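Asker: Sharing a structure here in structure tokens format.
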Ligand SMILES: NC(=O)c1ccc[n+]([C@@H]2O[C@H](COP(=O)([O-])OP(=O)(O)OC[C@H]3O[C@@H](n4cnc5c(N)ncnc54)[C@H](OP(=O)(O)O)[C@@H]3O)[C@@H](O)[C@H]2O)c1
Ligand code: SF4
Ligand code: SF4
Ligand code: SF4
């Protein structure tokens, strides 16, 4: 009609992606009962606390404090640069 | 059961605004003096 | 142990042993302790004398850059006999690392501003004067930020009862908004959560 | 990696520079969008016409409080003093004292409705599964003498709809 | 029984009631009971919204409102039944087109001197005026000195009060002047003779009550309220132009709330300083407040900045 | 003294009372020794607790549940 | 005689049907005010046009948290408003202060500073129990300016 | 005690200092008293200043007497300018607050165990 392409005379054209989704193509509801699995070492006869151990780990290891061919060691290697990452990088 | 029949509202003064109160038993239970005789 | 326990990495912990070995080597007039946090971070315990000095060495060098100052802060500990604490925190852009610099103090002893070394300690030093009470000398400006114009208590230290000492309320008897002592409508209940048995053996305090 | 934006140079030749002098002086741009991309009004408005129509929600929503009771009623709350002790804001206030038979229940239960920050920490600590955030935004009365709740305001406010509540949990309780 | 400290959210054991307590005086008393702790039951007549500017006065659950008429003998009996002290400021200026004004100082102060006496109030209180004398004056000033006679019969314990001409903040006494931009200031009556009265500052009166509110030991024994020094001059009407550098109304406007070409003009010049033997103030003290210093505040006009005020007064004589 | 606050406000109070609403229950029986008290339906109700009724005539309703229970 | 009480079906229907609310953005609650003037629930054009200058308003609104240093500012602004003014707080922090109610630098409650009328309760009230809180205030004018002139 | 003092050295330059900024206060009370459009007897404004400076009298030490100053040196920034709106100032002179008994027998009838 005469108002359909006058919406298409600007901003290119869409007619597929449209702001209000109001029409169909949505998700309906939660129909199914789900079941959430428990995997991670949940079983018996083996899983034994004191091998899984999340916590109980030591105090911060010291270094020489009060009471040699050094290369001027830096804390780590310096950073190598980045690419220019072809996408349309200009 | 144990739920209503019709309904109510959130009303500003209905007259009933419910204006809450305290729900508890008394506290220190003051002493009563003795009666008429000396 | 693997599935739920955070996998460690050694390499990061070898170097930050070295590179921190020798900044107790080349500035021994100042640095009084150094160590390695088990997560691969460093803490340099420095006398209050060097503050402008040490950073300035950390300010430029070809073996340690540390140009980016991230976080200045404080902690205030009673029963440390010198109350407060500073912690500077600096990122060296080239070498990808964090090295924190701890310097103690008191209220009365001044500490000297870091402002000519970095211009980003401009605010972070105005603040602390409000909260804890530490007084930074030779600071281009010293004023009141984060707080109202009335608080004479310097709150975040450990003696300020949470609700401050004056509630506020407006009355129409004249035309101001005036200040009457604090009167609450609920106690602020104090619960008590600290459970016995000392679940941590590794941190076990000295036997005594 | 990287990218470089706003790094370009004009071409500098008389086939181009007309195209940039047919732009400044004739306004061939600046009518491109707002001569057009504005209109483009011909789309259906999006409005939820409020007093009648209303918008979406989910079964996990949070809101006005309740206290359920089983079939023939027990006042499901046992006064175990938990939904009180995880409360960040410290709204809750509970005072038990042994009821006549000897089963324990409450006396005062008061949720302040100003302090409550709407966690979802008091829906999730109750082991006997009593106290439940309702899905109705009925609120807004005209006096702060009010919103403080007692016990016997809550129960009704939670027996006014239990057809709403008792059908949400049985969607949601299979996940947690 | 009094607990704790008198700041706010405290007790201090006294209930009260204050009738009236909307216009100038009553608003300014309750504000001194919304601090030391109380239970101030303030009723009011017709005004739903004019009473709000009051509410941030008591902390929470202290002051509480009712509705009443006052010619119904029940409306005063439903409230007071629980009370300790009850004062009464009620009454006003000009005769109403509805209330005939004759007994509103007679029947009303008695209508609340009904079951209050019966029901077991105590330390009941009422107001008088320094200038009201049962000799012939003044048509409004009269009927007020009847209450001192007629009403005192009931409730042998009163400690009924007798203050002077008062100057507040929003008050209408000293404000009738300086509203007088007009064909000119014409004193009353074009004579500089008997001005002025004892102009006590509204704080001291409203600090008197709450000083007698549990005094103790003033009941039946009436007091009168000293002014500052000393009497005063004509200059008071010049003093107005010395510094000034020259509820439930309506939607649009009213029909009559005038300057009243009636008692009003002659009520201000009635002077009659009266008996010293009344205790009457420092005993109930400790308060007395001047004029020269406290009259800038309440007076602010179209300069709003300049003051530079050096001019004072002796007393003046008869002093 | 306190009682002048709800004047005209109609004083919300609880029409029903559970102080005892319990005793109207047909106190059950089993014919066995110890029982499972999980109430009000599975996984909505008190945690499972097992009570012993051997007295003569009594029971024990676990005290979460309240509902009069015995053999 | 009866003309007055029929007149207040005009003036007491005019002031309730056009409101010019000020707002205070301060804290989280401001965003769930905006969405009242966004098109979903459309505040304006249901009779209430949104923010104007301090002088022209009727109903000011307090969002957010009121520290010490903001109290001297509010009190002043509430004054200048014309006569037919109200104060409708909202959010759990104008009612007794959300949390922060035990802090040092937060005024406790914002009723203490002004004579507040209607309340609303919760971090952000859900952009609904806002409007539900106004359709209280357009129903909280049942009052009559009759029976002050015309009784006493 | 060995720590560097702040400004003063012992008690004299110090007690030259407190004498000093007194006048900056004493010379400027009143320019404000017309500026905020607050009304008081200008002599009050010269009583409080002299009421405060006499308050902390027992101070035995430098670096305390310098500490207090650094507060006092500030305020003249805000007040001599306008960073306060009438209600950060007048709070010095407490108008509304009902009196404290401070005597004995006036306590014993009001309040428990102070
Ligand atoms: N002590 C003094 O210096 C002095 C000076 C002048 C006059 N007075 C008298 O002492 C008291 C001071 O009054 P004021 O300064 O506050 O001025 P006011 O304008 O008379 O205040 C009285 C308030 O109570 C209301 N009122 C009038 N008659 C009433 C009645 N029978 N019952 C209930 N309310 C009534 C008035 O109108 P509404 O009914 O609408 O509330 C007004 O709201 C008054 O009795 C006054 O006549 C004293
Ligand atoms: S509901 Fe859960 S938490 Fe709240 S009281 Fe009853 S038991 Fe204790
Ligand atoms: S609702 Fe949120 S805030 Fe109110 S109690 Fe439960 S958790 Fe604490
Ligand atoms: S919760 Fe407290 S902070 Fe978050 S919005 Fe409501 S009021 Fe502002």
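Note that chain G is numbered according to Swiss-Prot, with residues 64-215 shown in order.
Structure method, as recorded: electron microscopy, 4.6 Å.
Cβ from N, Cα, C; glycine included.
According to Swiss-Prot, the record shows the following:
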- G:91, G:92, G:156, G:186: [4Fe-4S] cluster binding site (BINDING)
- G:114: hydroxyarginine (MOD_RES)
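What's the neighbourhood like for each of these?
Answerer: In this view, residue G:186 ([4Fe-4S] cluster binding site) is surrounded by 21 other Cβ atoms within 10 Å of its Cβ, with every protein chain counted.
Residue G:114 (hydroxyarginine) falls within neither a helix nor a strand when secondary structure is assigned with DSSP, and so counts as coil.
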Asker: Rounded to the nearest Å, what's the C-alpha distance separating residue G:114 (hydroxyarginine) and residue G:92 ([4Fe-4S] cluster binding site)? Just drop the number here, would you?
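Answerer: Rounded to a whole number, the Cα-Cα distance is 16 Å.
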Asker: Taking the centroid of the Cβ atoms of G:91, G:92, G:156, G:186 ([4Fe-4S] cluster site), which other same-chain residues have Cβ within 8 Å of it?
Answerer: G:90, G:126, G:127, G:128, G:154, G:155, G:161, G:187
Asker: Does anything in the same chain, at least 6 positions from residue G:92 ([4Fe-4S] cluster binding site), have a Cβ under 8 Å from its Cβ, and if so what?
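Answerer: Within the chain, residue G:92 ([4Fe-4S] cluster binding site) has Cβ neighbours under 8 Å at G:126, G:127, G:153, G:154, G:156, G:186, G:187, G:188.
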Asker: Tell me the Cβ neighbour count for residue G:156 ([4Fe-4S] cluster binding site), meaning other Cβ atoms within 10 Å of its Cβ, over all protein chains shown.
Answerer: 28
Asker: So if the criterion is CB under 8 Å to a CB of chain D, which of the binding-site residues G:91, G:92, G:186 qualify?
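Answerer: Near chain D, the qualifying binding-site residues are G:186.
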Asker: Under a threshold of 6 Å between Cβ and any atom of ligand 3, which of the recorded positions G:114, G:156, G:186 are retained?
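Answerer: Cβ under 6 Å from ligand 3: none.
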Asker: Do any residues at least six apart in sequence from residue G:91 ([4Fe-4S] cluster binding site), in the same chain, have a Cβ closer than 8 Å to its Cβ, and if so which, in order?
Answerer: G:127, G:154, G:186, G:187
